[PDB]
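The data below hold one chain only, encoded as structure tokens and taken in the form deposited in one PDB entry.
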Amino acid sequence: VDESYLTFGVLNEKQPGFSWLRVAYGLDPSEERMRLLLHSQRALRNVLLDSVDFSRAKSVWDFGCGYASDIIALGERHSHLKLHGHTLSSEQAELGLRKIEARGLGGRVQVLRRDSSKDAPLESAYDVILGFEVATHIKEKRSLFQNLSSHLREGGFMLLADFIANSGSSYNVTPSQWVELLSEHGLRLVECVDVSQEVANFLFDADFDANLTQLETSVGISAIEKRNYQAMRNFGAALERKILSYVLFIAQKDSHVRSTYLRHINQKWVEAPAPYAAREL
């Protein structure tokens, strides 16, 4: 199944009997729940992507692109965009480019095996940088943000979805560390959107352990898929207990704001993010 089916989504309330695993893998045949799965995932992505006028962008860098679903989708939407993805695995890189060529996106959309904490991307600067749950999988976050910010056009967007570690316990990063990573690299938050409870809702499955075994024995999954799914369940429990938050960061490269003020406005958004529920709907 496509990797986009296995990403987080936002649910406004828990849906009794909804299992993200069963639905994604079609063990639950309901076309209505399949629609809800996809809608919840697009709704999460669109909080970030809807901020950017892509008609004024030339290039996008997804610095941990998985199987390149996100940049393939953007590429089919916006025929003029160069989109470049980075991944650490050769499997994802080969499978991504096979998808890219199957859709005829070979000129504009590329996937490279490059370590975004160290390796420069293809362009000297990008108009948009995407990182959906990438940064907290990277140990050397300062080197990463040095690399991202130096390849972000002035006024360009950095769109992140990632975890914040609260008074509690993957490399998890506290609010101050997020403020310092953004502020010291000239990245100014336009908005932070807190989707913690809605992602917890999406991930909630009272039958997770039994559904995972049914997936193992019926469909067959890899050791790495199984462990990722167990980690996702655990993330949902952490979000419910508010040990972690899951936050959508809309930031821009800004070399002209004063550093003391930049810290202030980044603190405002990390510490008082817009709650997803109050924000729209």
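Between two forms, the rigid core is the largest collection of C-alphas that superpose within 1.5 Å. Position 1 is the first residue in the sequence shown; the rest follow in order.
If I compare the deposited sequence with the modelled residues, how many are absent between residue 169 and residue 170: none, 1 to 3, 4 to 9, or 10 or more? In the record, 4 to 9 residues between residue 169 and residue 170 lack coordinates.
Tell me which stretch, 249 to 257 or 210 to 218, has the higher mean Cα B-factor listed in the entry. Per the PDB record, 210 to 218.
Highest mean C-alpha temperature factor of the two stretches 187 to 195 and 77 to 85, which is it? 77 to 85 has the higher mean C-alpha B-factor.
Specify which of 237, 231, 34, 52 carries the largest Cα B factor in the deposited PDB entry. The listed residue with the largest C-alpha B-factor is 34.
Among 149, 201, 174, 116, where is the Cα temperature factor highest, going by the PDB entry? When the deposited C-alpha B-factors of 149, 201, 174, 116 are compared, 116 is largest.
For residue 128, the third of its chain into which the C-alpha B factor falls: According to the entry, residue 128 has a C-alpha B-factor in the chain's lowest third.
Would you mind checking where the Cα B-factor of residue 45 ranks among the modelled residues of its chain, as the lowest, middle or highest third? Answer is lowest: the recorded C-alpha B-factor places it there.
Just say lowest, middle or highest third for the CA B-factor of residue 266 relative to the other modelled residues in its chain. Lowest third, going by the recorded CA B-factors of the chain.
Using the B-factor values recorded in the entry, state whether the Cα atom of residue 121 falls in the lowest, middle or highest third among the modelled residues of its chain. For residue 121, whose C-alpha B-factor we compare with every modelled residue in the chain, the answer is the middle third.
Ranked C-alpha temperature factor of residue 244 among modelled chain residues, by third: Residue 244: CA B-factor falls in the lowest third of its chain.
FYI, the form deposited in another entry isn't displayed, but the following is about it.
Rigid core fit then residue 222 CA moved by 2 Å or more between this form and the one not shown: It does, since the residue 222 C-alpha is displaced 2 Å or more between this form and the one not shown after the core fit.
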